[PDB]
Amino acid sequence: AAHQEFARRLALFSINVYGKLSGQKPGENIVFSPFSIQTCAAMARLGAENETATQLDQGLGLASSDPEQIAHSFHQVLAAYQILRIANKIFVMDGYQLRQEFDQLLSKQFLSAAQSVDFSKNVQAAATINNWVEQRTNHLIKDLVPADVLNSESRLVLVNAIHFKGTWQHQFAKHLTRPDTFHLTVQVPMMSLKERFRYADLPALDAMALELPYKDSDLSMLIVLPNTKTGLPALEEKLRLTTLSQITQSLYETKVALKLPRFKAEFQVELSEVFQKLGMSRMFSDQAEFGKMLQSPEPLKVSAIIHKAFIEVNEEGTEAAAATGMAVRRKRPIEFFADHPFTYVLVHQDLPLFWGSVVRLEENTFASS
């Protein structure tokens, strides 16, 4: 009930963000963790007041206007994963003390760690933050927070990191992978497998979908494939007309001949513009209200929200990672051949952990690091 609502609201936030990112970065293989973004921003909301807090509640789709109830809603999920590792930490300017309620909600409900750092020594502070993020993401997310967005005016950085490594319930055979056409055409490694999978025809979306489960988990990779080679932008628009829950409830087990690219993607973005377009502008402005963060009466605002994500999909399974850092400163059979662009979601039970697009693929002919 409370759990279903949390998933529903995160799913809507997810498609909202996906839509704004796709508009901001049209030809790119977007990948992001909506869960990471919402969690990090909800932590910031605990320290917000007045219209800043209200914007965050309503723009993120949080459970209510009550900080304790909001915090508890995240605890329920975070605790359930006490394959998937999620970690929160706050990094606080040396000499500044957190307010008790902010500190208590972060520690007890968001299971957040806390550490004091010297942001005036901004290279050192960034290294501390970024090393922690690497350690929470199997070194897949590097240099999350650059030194050059931190300085003596920085007061805290809130970070969420998430790491996923799953093995397919039904793995692909490596010796069956072959180069084949991806229609943008290019030749890329295509993995082939015939199995019973949860599948749906989605004719009102002009698409089809398939779920690939991971063993020893209630996690799966949902692939939504337009029926036409050029159909992804239209599908992306139409997903707004439905819900993730309605899509996954349409799935039924059936024998499928699957072809899926062996692919990887990395994506990074500063999310201020996305948040502004989703009606959460006040937090970045000189009218921002974050007086519940620190004992100090210094007015604060958000100077950056940085998100980085990574995913690799191969014959054995999937590994994915992401992190979100928010800097706060003082104010001065059926064939299912995924051989053209598609969208995908790593979903727990309609709780989306990762969301992305495959729009362009190439086999690199150059050696590189």
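One rule holds for the numbers: they count along the sequence shown, beginning at 1.
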| remark: Per the entry, how many deposited residues between residue 230 and residue 231 lack coordinates? The answer is none
| task | Report, from the record, the number of residues in the deposited sequence between residue 332 and residue 333 that have no coordinates, as none, 1 to 3, 4 to 9, or 10 or more. | result | 4 to 9
| field | Higher-scoring stretch by recorded Cα B factor average, 358-366 or 4-12 | value | 358-366
| request: Tell me which of 72-80 and 110-118 has the higher mean C-alpha B-factor in the deposited entry. | output: 72-80
| field | Maximum C-alpha temperature factor, selected from 292, 183, 89, 262 | value | 183
| request: Pick out which of 160, 187, 242, 130 has the highest C-alpha B-factor in the PDB entry. | output: 187
| query | residue 318's Cα B-factor: lowest, middle or highest third of the chain? | reply | middle
| field | CA B-factor ranking of residue 174, expressed as a third of its chain | value | middle
| query | Ranked by Cα temperature factor within the chain, is residue 280 in the lowest third, the middle third or the highest third? | reply | lowest
| message | Please say which third, lowest, middle or highest, residue 204 falls into when its CA temperature factor is compared across its chain. | response | highest
| How does residue 155 rank on Cα B-factor within its chain, lowest, middle or highest third? | lowest
